[PDB]
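Colleague:
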Amino acid sequence: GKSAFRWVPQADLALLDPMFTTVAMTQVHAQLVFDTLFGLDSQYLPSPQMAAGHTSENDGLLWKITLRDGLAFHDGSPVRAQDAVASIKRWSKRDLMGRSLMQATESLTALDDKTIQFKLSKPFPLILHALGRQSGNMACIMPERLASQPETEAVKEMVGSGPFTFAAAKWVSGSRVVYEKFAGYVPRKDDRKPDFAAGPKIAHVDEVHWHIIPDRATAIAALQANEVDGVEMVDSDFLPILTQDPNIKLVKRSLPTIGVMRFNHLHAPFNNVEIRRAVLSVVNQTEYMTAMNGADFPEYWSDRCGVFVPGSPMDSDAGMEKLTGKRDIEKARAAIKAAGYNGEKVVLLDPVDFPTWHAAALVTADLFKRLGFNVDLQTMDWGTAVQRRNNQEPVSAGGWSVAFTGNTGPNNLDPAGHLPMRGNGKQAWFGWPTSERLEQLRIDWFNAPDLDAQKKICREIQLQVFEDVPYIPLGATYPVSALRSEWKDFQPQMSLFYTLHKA
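Position 5, counted from 1, in the sequence shown is what my numbering calls 695; the numbers after and before it change by one each time, with no gaps.
Next up, the structure:
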């Protein structure tokens, strides 16, 4: 009699503590079992979820957050402010955003069992954005007895307040994970349409069953045979069959993989900003996306990708002509020669066993040869290339010059966790670009008073990325999930099992 949603995750579930690890499947698990003080909508803006509201006083140095009525943990005990305080303190040990919030917090206390109080040293306008984090790491609320565990010891007992309970006796490694609708869950008021994690969270199925199927062809066959209801990760090879199947609905997920060309900024030739800007002037995202993804399903990639997720609030047209304008090879060749390039060996790391990034390496090798570079395209396994790109030494000592990879997830929405834009030198992501401007602009975004101010700073960040070229975006590739056609309102921002429904 129980209704169930049968789900094929992209990987098995290995860890249960959402504060302990950022791995994708733990964060999906977390959105079934736990809840957050604030949710994010499709514009990734915060709104009350477990909270009823908030107040800001004393010139933004004193914040009060009130819990709404009807919150309960899966053991029946109500959620209090003391549980939220203990959860936030533990969550802030490993979460980047929570760490920044508590660095600005003088004291975090519960005034009663319903009101949370932040006493701030300096203003932190991103406090609601912080407490609204949905993944990596979800700002999940646990009972104080569990939130008091050390941040270095992963929590094993699953007691959340979210719309599903974790059936621990049904977690079978390599085979099954089972979640059961929390009968005691009281969704917040229905004053807005459910949208990502904003509005009421309603479970419309009695159970969610993860079917672990490592063979991707087997998983697709189960979906077409109506043996499962959804598959998290659909490879491009299966796009023709699934598009033709009228019983299957393909879901373009909201957050893409932004492909990046990453230089080694520590040695010639890409320690020279004029050479980096010359390469930027001939990168054609249409060519990269066509080679990496094919031309048959262009609805799942974008060739107009700047620093941030295309179409998201921080995205803008600032300086985008640096990518969308004419790709002039002759002028770029002349600029590289004028900059002083003299045939130095340029090592490209080619991961032959990773098809998309192998394709990006091949496009770049041909482009660099036409630019006049002395190209050394080194073929290796992806795991080898990941080790090689950590070397900071020059090419003469076995070093590298260009590498190719992708950045996924909400980090690409804003400067907080954005990896390639960072400019703190040898403390930055591999490649180690130095841009004091980009570092200061990121800090400016943290201190920005409102959304309009944040957007203006992210325009400047994009202008500065094109000027200093810490990396070059190659395009955005959107992952795809597949569902049986009867399932509606599946949220595309994250694999979520509330809101979705059949009837």
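From the three backbone atoms N, C-alpha and C, an ideal C-beta is built for every residue, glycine too.
1) Unbroken alpha helix (DSSP H) runs of length 4 or more, entirely within the region 908-961: which are they?
2) Taking the beta carbon of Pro708 as the centre, do at least 16 other beta carbons fall within 10 Å, making it buried, or is it exposed?
3) Could you tell me whether the region 1012-1024 touches the region 972-982, using the rule of 3 or more Cβ pairs below 8 Å?
4) Is it the case that the region 913-930 contacts the region 1070-1083, given that we only count it when at least three CB pairs across the two stretches are under 8 Å?
5) Cα separation between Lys779 and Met792?
6) Considering only their Cβ atoms, is the gap separating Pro1100 from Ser825 smaller than 8 Å?
7) So for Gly743, helix, strand or coil by DSSP?
8) What's the C-alpha gap between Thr1069 and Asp1040?
9) Can you find the residues in the same chain that come closer than 7 Å, C-beta to C-beta, to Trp1090, ignoring five residues on each side of it along the sequence?
10) What residue from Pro853, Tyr869 and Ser851 has the CA that sits closest to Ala859's CA?
11) How far does the beta strand (DSSP E) with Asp1066 in it extend, from its first residue to its last?
12) Under 8 Å, do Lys939 and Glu989 count as touching if we go by C-beta distance?
13) Inspect the beta-carbon positions of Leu810 and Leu761 and report whether they are closer than 8 Å.
14) State the Cα-Cα distance for the pair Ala1050 and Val997, rounded to the nearest angstrom.
15) At which residues does the alpha helix (DSSP H) containing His819 begin and terminate?
16) Considering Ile778, what are the terminal residues of the alpha helix (DSSP H) in which it resides?
17) Assuming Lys1059 is part of the alpha helix (DSSP H), what are its boundary residues?
18) By Cβ distance below 6 Å, which residues in the same chain neighbour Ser1002 in space, the five residues on each side in sequence not counted?
19) Quick check on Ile903: does DSSP put it in helix, strand or coil?
20) Report the CB separation of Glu922 from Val698 in whole angstroms; it is logged as a contact under 8 Å.
21) Does the Cβ of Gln733 have 16 or more other Cβ atoms within 10 Å, making it buried, or fewer, making it exposed?
22) Which same chain residues end up closer than 7 Å to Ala857 when comparing Cβ atoms and leaving out the 5 residues on each side of it in sequence?
23) Please classify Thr799: is it buried, with 16 or more other beta-carbons within 10 angstroms of its beta-carbon, or exposed?
24) Around the Cβ of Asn937, are there at least 16 other Cβ atoms within 10 angstroms (buried) or fewer (exposed)?
25) For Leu1061 and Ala1172, what's the separation of their Cα atoms in angstroms?
26) Can you give me the Cβ contacts of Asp935 inside the same chain, cut-off strictly under 7 Å, excluding the 5 residues immediately before and after it?
27) Tell me, to the nearest whole angstrom, how far the beta carbon of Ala1025 is from that of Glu964; I am working on the premise that it is less than 8 Å.
28) Rounded to whole angstroms, what is the Cα-Cα separation between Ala1193 and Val895?
29) With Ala694 as the anchor, note down where its beta strand (DSSP E) starts and where it stops.
30) Could you give the C-beta distance for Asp731 and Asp880, rounded to a whole number, given that I count them as a contact under 8 Å?
31) Looking only at DSSP bridge pairs, what is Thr805 linked to?
32) Would you kindly work out how many angstroms separate the C-alpha atoms of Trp1122 and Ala958, rounded to a whole number?
33) CB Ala1055 to CB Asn962, shorter than 8 Å?
34) Compare the Cα-Cα distances from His719 to each of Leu727, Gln1144 and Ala704 and report the closest residue.
35) Pairs of beta-carbons, one from the region 1139-1146 and one from the region 1155-1166, closer than 8 Å: are there three or more?
Modeller: Put simply:
1) The region 908-961 contains these whole alpha helix (DSSP H) runs: 929-934.
2) The count along the sequence shown starts at 1 and reaches residue 708 at position 18. So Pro708 counts as buried.
3) Short answer: they touch.
4) With a cut-off of 8 Å, the region 913-930 and the region 1070-1083 do not count as touching, because too few Cβ pairs lie within range.
5) Within the sequence shown, numbered from 1, the residue matching residue 779 stands at position 89. Within the sequence shown, numbered from 1, the residue matching residue 792 stands at position 102. Each residue's Cα considered, the two are about 8 Å apart.
6) One-based indexing of the sequence shown puts residue 825 at position 135. One-based indexing of the sequence shown puts residue 1100 at position 410. In this structure, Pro1100 lies closer than 8 Å to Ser825 by Cβ.
7) Indexing the sequence shown from 1 puts residue 743 at position 53. Look at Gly743 here: in three-state DSSP terms it is strand.
8) Reading the sequence shown from its first residue, position 379 is the one you call residue 1069. Reading the sequence shown from its first residue, position 350 is the one you call residue 1040. Roughly 5 Å between the two C-alpha positions.
9) The residue labelled residue 1090 in the question sits at position 400 within the sequence shown. Excluding positions up to five away in sequence, the list reads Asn954, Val1037, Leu1039, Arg1078, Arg1079 and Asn1081.
10) Residue mapping note: residue 859 aligns to position 169 of the sequence shown, counting from 1. Residue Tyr869 holds the alpha-carbon nearest to the alpha-carbon of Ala859 among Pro853, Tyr869 and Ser851.
11) Indexing the sequence shown from 1 puts residue 1066 at position 376. Boundaries of the beta strand (DSSP E) harbouring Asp1066: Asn1064 to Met1070, taken from the DSSP string.
12) Looking up residue 939 in the sequence shown gives position 249. Looking up residue 989 in the sequence shown gives position 299. Result no, Cβ atoms of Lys939 and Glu989 do not sit closer than 8 Å.
13) Start at 1 with the first residue of the sequence shown, and residue 810 comes out as number 120. Start at 1 with the first residue of the sequence shown, and residue 761 comes out as number 71. Not closer than 8 Å, so no.
14) Taking the sequence shown and counting its residues from 1, the one referred to as residue 1050 is at position 360. Taking the sequence shown and counting its residues from 1, the one referred to as residue 997 is at position 307. The alpha-carbon of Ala1050 is positioned some 18 Å away from that of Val997.
15) The residue you call residue 819 lines up with position 129 of the sequence shown. From DSSP, the alpha helix (DSSP H) with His819 extends over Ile817 to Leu821.
16) Here residue 778 refers to the residue found at position 88 when the sequence shown is read from its first residue. Looking at the DSSP string, the run of the alpha helix (DSSP H) that includes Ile778 is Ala771 to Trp781.
17) By one-based count along the sequence shown, residue 1059 stands at place 369. Per DSSP, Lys1059 is one residue of the alpha helix (DSSP H) stretching across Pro1045 to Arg1060.
18) Reading the sequence shown from its first residue, position 312 is the one you call residue 1002. These residues qualify, in order along the chain: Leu1103.
19) In the sequence shown, counting from the first residue as 1, residue 903 sits at position 213. The three-state secondary structure of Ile903, taken from DSSP, is coil.
20) Here residue 922 refers to the residue found at position 232 of the sequence shown. Here residue 698 refers to the residue found at position 8 of the sequence shown. Under the criterion of beta carbons closer than 8 Å, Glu922 and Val698 qualify as touching, at roughly 6 Å.
21) As a first step, residue 733 is located in the sequence shown; it is residue number 43 there, counting from the start. An exposed status is given to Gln733, since fewer than 16 other beta-carbon atoms sit within 10 Å of its beta-carbon.
22) Locating residue 857 in the sequence shown gives position 167, where the first residue counts as 1. Within the same chain, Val868, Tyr869 and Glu870 come within 7 Å of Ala857 by CB-CB distance, once the 5 residues on both sides are set aside.
23) If you number the sequence shown from 1, residue 799 lands on position 109. Classification of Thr799: exposed, given that the 10 Å Cβ count is below 16.
24) Within the sequence shown, the letter at position 247 stands for residue 937. So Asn937 counts as exposed.
25) For this step, residue 1061 is matched to residue 371 along the sequence shown. For this step, residue 1172 is matched to residue 482 along the sequence shown. So the two alpha carbons sit approximately 42 Å from each other.
26) Position 245 of the sequence shown, counting from 1, holds the residue named residue 935. Counting only Cβ-Cβ distances below 7 Å, and skipping sequence neighbours, we find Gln914.
27) Against the sequence shown, residue 1025 aligns to sequence position 335. Against the sequence shown, residue 964 aligns to sequence position 274. Your pair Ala1025 and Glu964 checks out as a contact, with CB atoms roughly 6 Å apart and the cut at 8 Å.
28) Within the sequence shown, residue 1193 is the residue found at index 503, counting from 1. Within the sequence shown, residue 895 is the residue found at index 205, counting from 1. Each residue's alpha carbon lies about 10 Å from the other.
29) Walking along the sequence shown from the start, residue 694 turns up at place 4. For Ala694, the enclosing beta strand (DSSP E) has its first and last residue at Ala694 to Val698.
30) Residue numbering aside, residue 731 sits at position 41 when the sequence shown is read from its first letter. Residue numbering aside, residue 880 sits at position 190 when the sequence shown is read from its first letter. The pair is not a contact, with the Cβ atoms about 15 Å apart (cut-off 8 Å).
31) On the sequence shown, residue 805 is found 115 positions in, with the first residue counted as 1. DSSP, once it has assigned bridges, lists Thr756 as partnering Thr805.
32) Your numbering for residue 1122 matches position 432 in the sequence shown. Your numbering for residue 958 matches position 268 in the sequence shown. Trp1122 and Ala958: Cα-Cα distance of roughly 13 Å.
33) Stepping through the sequence shown from its first residue, residue 1055 is reached at position 365. Stepping through the sequence shown from its first residue, residue 962 is reached at position 272. Note that the C-beta distance between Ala1055 and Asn962 is not below 8 Å.
34) Sequence index remark: in the sequence shown, residue 719 carries index 29 (1-based). Out of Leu727, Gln1144 and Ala704, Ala704 has the C-alpha closest to the C-alpha of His719.
35) By the criterion of at least three beta-carbon pairs nearer than 8 Å, the region 1139-1146 is not in contact with the region 1155-1166.
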